[PDB]
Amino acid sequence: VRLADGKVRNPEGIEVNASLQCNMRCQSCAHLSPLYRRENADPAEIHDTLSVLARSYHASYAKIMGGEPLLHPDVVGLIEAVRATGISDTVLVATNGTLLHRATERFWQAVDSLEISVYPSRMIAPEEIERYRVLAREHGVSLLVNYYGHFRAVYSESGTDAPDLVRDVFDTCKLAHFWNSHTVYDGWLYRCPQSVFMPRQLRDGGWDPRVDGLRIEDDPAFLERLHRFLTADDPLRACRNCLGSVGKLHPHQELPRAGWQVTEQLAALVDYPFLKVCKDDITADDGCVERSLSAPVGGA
């Protein structure tokens, strides 16, 4: 992340969650979407908030995602609301693909890039993926299809009191330091989806996630506040209940809603060998994607 020409520049993306809910129930969903009921972003509200933020912030892309963004009633309108702010160079939609065959030609015209996460329990036939590749080529859309074999544990209601562990997890966290998973929610900016979406779903009520957020504002001192927030190198309140990027690997599966919540003590869920690996190289592959199909667009 850089400070240049009056704005904080993110070489990665700003994340806009169209829908907090999902039609799947993946174990260890990083946004805890299986625990959320229907909540669809207001395109006008998103446009206003990102318009304010764009005066001081620019990213390479805007990632429209959430739980499952294709559940949104007006995803093209949300896409265009994001594009109109100029906050990013391109607009990307990330989807589990289970609803992509319902999308109309305005969806394919509206997106710049499309990322489909394909999971074992909701497999898309290779011929349907080929159809998606053809549609993407036809509309000049960069396409990435990731076939997930595993997920890593992401959080627990039983957090840790060990400050060294929190520091190790935050220090190796790809979301905070590498992917720059900056997340806009309800007028606040967050370093990561976990810090805003996980506390609200802890069964004891959690805490106010705004302690880890930055209120999005226009005032002449917003830029510097933003730069300090996005460059700060101290763990968040949420890291004490988060596994970051070093959670234990497990086969990807869906679980029933009943008992979905995680209670095992956080220290038991750290993949300590992988934590060493990531301590040496923060970009180390997480082992979650088993196969990937990429169809880029020339000149992109």
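Position 1 is the first residue in the sequence shown; the rest follow in order.
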### Given 74-82 and 220-228, the range whose Cα B-factors average higher in the PDB entry
220-228
### Message
Which is higher on mean Cα B factor in this entry, 62-70 or 258-266?
### Response
258-266
## Note on the structure
By the entry's values, the third containing the CA B factor of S56 is the highest
### Message
Lowest, middle or highest third: which one holds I87 when the chain's residues are ordered by CA B-factor from the entry?
### Response
lowest
### Summary
Here the Cα B-factor of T160, set against its chain, lands in the third termed highest
### Record-listed C-alpha B factor of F178: chain third
highest
### Task
Classify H139 as lowest, middle or highest third according to the C-alpha B-factor given in the PDB entry, relative to its own chain.
middle
